[PDB]
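Working notes, structure below.
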Amino acid sequence: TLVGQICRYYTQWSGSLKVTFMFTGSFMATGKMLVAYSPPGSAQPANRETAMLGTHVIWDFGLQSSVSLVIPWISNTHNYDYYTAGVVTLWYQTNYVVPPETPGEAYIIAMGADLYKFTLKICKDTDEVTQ
Amino acid sequence: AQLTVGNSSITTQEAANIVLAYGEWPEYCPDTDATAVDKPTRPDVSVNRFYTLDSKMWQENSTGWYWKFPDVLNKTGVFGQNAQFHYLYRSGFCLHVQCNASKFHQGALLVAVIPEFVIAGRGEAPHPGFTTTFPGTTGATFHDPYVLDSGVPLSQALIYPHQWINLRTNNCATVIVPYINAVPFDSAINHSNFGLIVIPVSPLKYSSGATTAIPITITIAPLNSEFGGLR
Amino acid sequence: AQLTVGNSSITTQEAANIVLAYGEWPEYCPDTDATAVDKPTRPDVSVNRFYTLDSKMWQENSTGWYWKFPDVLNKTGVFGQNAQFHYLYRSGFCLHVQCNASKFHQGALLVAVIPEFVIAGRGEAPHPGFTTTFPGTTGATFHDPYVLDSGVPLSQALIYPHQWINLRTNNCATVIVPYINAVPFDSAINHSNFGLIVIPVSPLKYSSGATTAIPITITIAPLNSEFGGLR
Amino acid sequence: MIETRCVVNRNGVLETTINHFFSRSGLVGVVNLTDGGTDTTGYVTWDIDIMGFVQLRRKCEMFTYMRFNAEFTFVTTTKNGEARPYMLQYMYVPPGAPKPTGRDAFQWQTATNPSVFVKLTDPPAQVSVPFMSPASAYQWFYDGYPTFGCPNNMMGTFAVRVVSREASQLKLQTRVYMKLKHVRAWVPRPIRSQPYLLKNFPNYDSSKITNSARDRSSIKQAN
Amino acid sequence: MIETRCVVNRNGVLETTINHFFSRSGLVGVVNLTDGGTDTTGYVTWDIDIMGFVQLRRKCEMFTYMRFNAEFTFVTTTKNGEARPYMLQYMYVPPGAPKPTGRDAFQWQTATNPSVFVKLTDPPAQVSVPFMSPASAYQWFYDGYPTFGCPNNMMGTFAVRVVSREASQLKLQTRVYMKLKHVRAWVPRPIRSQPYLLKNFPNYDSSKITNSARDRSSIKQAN
């Protein structure tokens with residue numbers, strides 16, 4: 001992403017993010033997915049029940065073709081790894097349902113961005129460029 | 001439309017068509033003698049929200065399912081916690097049943113709410129165990145749908161608050177159920193107030209190449225909950 | 001809806017949803033020193049109208065296409081005539097990309113406008129020929145879509161004016177591109193201002209019996225053109 | 001590092017501005033001057049180029065168009081580095097002007113090439129160069145044929161020599177520092193994910209393509 | 001060069017003014033000072049003359065009459081160029097005054113000749129000379145007989161020496177830089193198309209005359 005590349009030019013960041021899921025199936029395919037966010041300090045959920053007990057979205061891609069999940073707050077202060085993460089997961093609420101004579105396989109595309117609350121400080125140089 | 005209650009958000013269409021059970025809304029209790037002494041708890045923060053079960057797979061051979069409330073929620077979230085302890089309990093519910101199916105699938109589901117729904121023995125006196133009275137979050141499947149396993153015709157099940165799901169017209173149904181009991185408060189652990197039932201009346205049919213199993217998703221929102229003294 | 005400009009009329013739906021590139025409309029130039037001496041030509045009679053290319057066939061194995069403007073129009077109609085000679089050139093465009101596909105087809109296309117889009121060598125110093133810089137009316141196909149053949153991630157292509165075409169929701173896209181340059185007028189022959197790109201990000205998929213190739217049609221309408229002294 | 005906590009407050013917004021992002025004077029080149037009489041040239045020319053180093057090259061290729069003034073600083077030392085009082089001459093050669101052909105050549109006395117004379121024991125010299133392009137901006141992406149010689153958007157050239165009648169045997173290197181000022185930028189680009197093969201062209205190795213994100217065991221496991 | 005395009009806009013008008021066209025300090029002469037005791041003079045005199053170099057000579061002969069103030073700068077180095085703390089004296093000798101006859105001669109102590117004492121390790125000295133002519137302008141074209149000694153319009157003379165009791169063996173060259181200021185010009189002339197034969201006079205070779213434009217194959221073909 002661009003957020004990913006710009007953060008490499010700064011030592012500290014913080015703010016909120018946005019993650020968009022976009023389903024490309026056939027028009028007549030249908031089903032539900034569970035888009036969930038486990039905050040930092042906890043391992044990713046073990047099953048759907050514990051993913052459902054926290055911030056999440058039930059997204060039926062037969063009705064809605066795209067869904068956004070705002071992550072409320074994230075921070076990296078900063079070789080002990082100071083960022084305790086937090087995870088987005090995808091669950092099958094239903095099974096992907098397909099009519100006759102249509103592929104039965106599709107792909108999800110994921111996107112990410114910063115909300116206006118996001119900020120950056122302490123300039124530096126990127127680890128990508130070597131020279 | 002998108003319904004957002006607490007930290008949960010579900011995708012569903014906006015339709016004023018719903019079924020109020022018996023025609024009344026959930027209400028908080030009229031003031032009583034015991035709760036005048038100790039003011040009851042009316043939580044809505046993280047407690048009253050959408051809970052969505054594991055979806056059920058309807059296949060050509062099925063019979064149909066039932067759930068018992070409050071029981072289905074007894075081990076969930078922060079409701080099951082309050083359901084535990086709290087020897088006094090009252091609440092209504094909002095129930096949304098969904099079905100994801102292509103236009104090439106055909107069938108229909110009867111969906112009803114039965115107060116004091118009692119599964120009986122199929123035998124002697126085989127008192128049905130805690131499995132039929134308290135199936136839990138998963139639920140149970142019917143043996144004899146035609147009699148509902150109560151000894152009662154399914155034809156006449158329509159004097160209960162109900163909605164059809166016909167895969168031709170509508171894929172969803174919503175039933176608002178108030179609290180219905182002969183006493184204002186009761187024990188949520190040893191007494192299930194009502195139960196929910198989804199029976200395919202017309203079996204699922206499709207032509208080869210279609211998905212052989214259609215998911216049915218349940219969503220439960222409590223309404224106007226009240227809890228008592230802490231066990 | 002039916003859009004009629006000059007002697008050409010296209011069938012398309014009426015939707016206020018469009019993408020203004022960078023948020024500005026095509027404009028005629030602010031008065032300059034050279035054109036105060038010779039007043040520039042602002043033709044719209046038969047010159048500014050819909051041009052529709054040969055449609056492109058998107059198949060399961062594809063990579064994706066690009067076009068260079070003004071170049072794609074350099075041999076067409078009465079625009080290519082004015083594009084020839086006329087050592088001073090300025091213009092905006094209206095670009096409509098269409099896809100004819102059945103509801104049983106699935107896939108998606110990223111569609112973007114890149115100013116000063118430079119294809120590089122895949123090697124040494126293999127300076128890319130006039131074929132990559134000036135592919136003509138037909139256009140070119142990508143070798144490495146993932147890097148755009150510029151040495152740049154396609155993931156980040158979304159800071160360019162763009163629209164998705166998802167065969168699920170929408171079959172068309174429209175991008176209004178103003179004139180973007182570091183100088184008011186430039187040479188239309190030796191300099192292409194920007195370029196247009198259609199890359200399948202999710203490949204085309206269908207089940208046997210469907211059409212194996214889906215056409216993509218381009219339509220170009222110039223906006224606020226200006227031409228200079230005649231070569 | 002250290003200091004591991006959570007930052008609940010918004011940061012300062014001033015560090016993310018384009019003009020602050022391209023500020024901070026830094027090293028744009030190193031050139032070496034040996035005054036050896038006739039066995040060695042005895043001067044240096046350095047064409048003004050931003051892209052010579054890939055750190056700042058990557059930050060200008062984030063944009064299509066830019067406009068700015070440059071400020072240069074010359075840090076010059078001798079071998080081991082101990083300094084002695086030798087006069088130097090930094091001549092600037094505008095775009096479209098002939099460069100010195102030799103140490104004593106007549107171009108050094110041209111007045112239209114502005115010069116600065118400073119002794120090597122003095123603090124380093126600073127110079128401010130305006131916006132030099134005939135367009136309204138510099139562009140390092142031009143789709144077409146520029147041809148015409150070396151980098152794009154010619155800013156000029158610096159030449160350095162020692163000021164003496166007889167060649168003084170002296171071995172110099174002049175570090176050039178550039179600070180962009182009043183920077184405007186237009187039409188942002190994506191940041192390059194591939195290694196640079198050569199200057200002036202965005203070539204990439206087709207056989208070996210690096211992927212933008214590193215790899216993990218499975219998609220169903222984050223950590 | 002590079003950057004090949006069309007410029008649709010008017011340029012800046014400020015660079016074409018007479019006062020900017022004669023600005024930009026540049027090298028007006030080179031003189032050499034060897035202090036050798038009695039085998040070498042030990043000082044230098046430089047008469048103030050604009051026409052000594054033909055670059056600026058050609059730009060003053062564009063006009064009949066000019067008026068201006070001069071600003072001089074002395075860049076002085078020693079052979080190899082390494083500098084040592086020696087005091088110097090630049091004395092200015094007004095028009096109509098006797099010049100130094102030798103290193104220790106009494107003219108160096110005349111007060112009406114203004115002087116400046118600066119060590120050779122210091123930054124170069126600068127001096128501002130007013131408009132010196134008895135007419136209202138300098139004219140390098142005078143039709144008649146001026147006679148009377150050397151160039152026309154005598155501005156003055158500079159003399160340089162080292163300040164010491166005993167002659168220090170030291171070999172110096174002083175580059176003089178002049179910047180015209182507040183320049184007015186009258187009655188413009190045509191620009192010279194012929195080589196200059198000698199100073200002070202506009203002589204030209206009659207046998208060999210160069211033609212103002214170069215040659216082509218035929219008149220009916222441009223390229």
Side-chain angles (χ1 to χ4, degrees), chain D residues 27-53 69-76 86-118 120 124-135 138 140 146-149 151-153 155-165 167-168 170-178 198-200, chain E residues 4-5 15 23-27 30 53-56 58-59 75 77 81 175 177:
Chain D
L27 180 68
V28 288
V30 172
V31 294
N32 297 282
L33 189 153
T34 299
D35 191 2
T38 60
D39 285 342
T40 307
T41 56
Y43 68 94
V44 182
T45 59
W46 180 83
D47 288 343
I48 292 170
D49 190 8
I50 294 172
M51 309 302 175
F53 295 97
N69 297 333
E71 175 181 357
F72 293 89
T73 303
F74 309 100
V75 172
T76 67
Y86 290 90
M87 186 69 74
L88 299 181
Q89 181 176 349
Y90 304 89
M91 81 183 299
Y92 173 75
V93 184
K99 288 178 289 296
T101 61
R103 179 183 181 271
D104 59 353
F106 63 90
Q107 294 89 2
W108 293 96
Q109 296 83 4
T110 303
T112 58
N113 297 340
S115 296
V116 58
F117 297 85
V118 59
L120 196 143
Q126 286 187 336
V127 162
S128 178
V129 175
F131 171 77
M132 296 303 294
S133 180
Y138 304 132
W140 296 273
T147 59
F148 295 159
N152 297 283
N153 302 130
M155 298 176 186
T157 301
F158 298 108
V160 189
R161 66 171 182 178
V162 181
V163 179
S164 62
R165 180 187 293 177
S168 176
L170 191 66
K171 297 183 176 75
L172 305 176
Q173 68 165 18
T174 73
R175 297 182 183 173
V176 187
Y177 285 82
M178 176 188 73
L198 54 83
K199 189 184 293 179
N200 292 338
Chain E
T4 299
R5 283 187 296 272
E15 300 182 1
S23 64
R24 292 181 304 279
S25 169
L27 180 68
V30 172
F53 295 97
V54 176
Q55 189 62 57
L56 175 63
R58 183 169 180 268
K59 290 192 293 185
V75 172
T77 56
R175 297 182 183 173
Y177 285 82

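By convention in this document, chain letters (A, B, ...) are assigned in the order of the sequence lines, proteins followed by strands, and residues within each chain are numbered from 1. Both backbone and side-chain heavy atoms feed into the values below; hydrogens, waters and symmetry mates do not.
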| ring pair (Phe, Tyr, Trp, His ring centres under 6.0 Å) involving D:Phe158 - partner list, sequence neighbours excluded |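 D:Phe72, D:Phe74, D:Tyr92.
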By side-chain hydrogen bond (donor to acceptor under 3.5 Å, both in side chains) - contacts of [X] (at least two apart):
| X | result |
| --- | --- |
| D:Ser115 | D:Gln89 |
| D:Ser168 | D:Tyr86 |
| D:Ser164 | D:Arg103 |

Heavy-atom side-chain proximity of [X] to [Y] below 4.5 angstrom:
| X | Y | value |
| --- | --- | --- |
| D:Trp108 | E:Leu27 | no |
| D:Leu88 | D:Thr76 | yes |
| D:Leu172 | D:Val162 | yes |
| D:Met91 | D:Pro100 | yes |
| D:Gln107 | D:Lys99 | no |
| D:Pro134 | E:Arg5 | yes |

What's the shortest heavy-atom distance between [X] and [Y], and which atoms?
| X | Y | answer |
| --- | --- | --- |
| E:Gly26 | D:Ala111 | CA-CB, 4.3 Å |
| D:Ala125 | D:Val118 | CB-CG1, 4.3 Å |
| D:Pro98 | D:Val93 | O-CG1, 3.8 Å |

Residues in side-chain contact (heavy atoms from CB on, under 4.5 Å) with [X], at least two apart?
| X | answer |
| --- | --- |
| D:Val116 | D:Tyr90 |
| D:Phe53 | A:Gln131 |
| D:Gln173 | D:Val30, D:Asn32, D:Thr77, D:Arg175 |
| D:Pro124 | D:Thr73, D:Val75 |

Look up atom [atom1] in [X] and atom [atom2] in [Y], then write down how far apart they are to the nearest 0.5 Å.
| X | Y | atom1 | atom2 | result |
| --- | --- | --- | --- | --- |
| D:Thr40 | D:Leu170 | OG1 | CG | 12.0 Å |
| D:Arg161 | D:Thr45 | CZ | OG1 | 14.0 Å |
| D:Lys199 | D:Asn152 | NZ | CG | 12.0 Å |
| D:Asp47 | D:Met155 | CG | CE | 11.5 Å |

| query | With no hydrogens and no angle check, is any side-chain donor or acceptor of D:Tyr138 less than 3.5 Å from a backbone partner on D:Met132? | reply |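 Looks like yes, one N/O pair under 3.5 Å.
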| task | Determine, stepwise, if the pair D:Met178 / D:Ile50 fulfils side-chain contact (heavy atoms from CB on, under 4.5 Å). | result | CA-CA 9 Å; D:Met178 176 188 73; D:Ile50 294 172; 3.8 Å; yes
| message | I'd like to know whether D:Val28 forms a side-chain contact (heavy atoms from CB on, under 4.5 Å) with D:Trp46, so could you lay out the CA-CA distance, the side-chain angles of the two residues, the decisive distance to 0.1 Å, and finally the verdict. | response | CA-CA 10 Å; D:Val28 288; D:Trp46 180 83; 3.8 Å; yes
| said: Just checking D:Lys171: does its NZ atom have more than 12 heavy atoms from other residues, nucleotides or ligands closer to it than 6.0 angstrom? | reply: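 No.
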| query | Given the rule in the side-chain contact (heavy atoms from CB on, under 4.5 Å) test, do D:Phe131 and D:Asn69 qualify, once you have shown the distances and angles that lead to the verdict? | reply | CA-CA 5 Å; D:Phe131 171 77; D:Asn69 297 333; 4.0 Å; yes
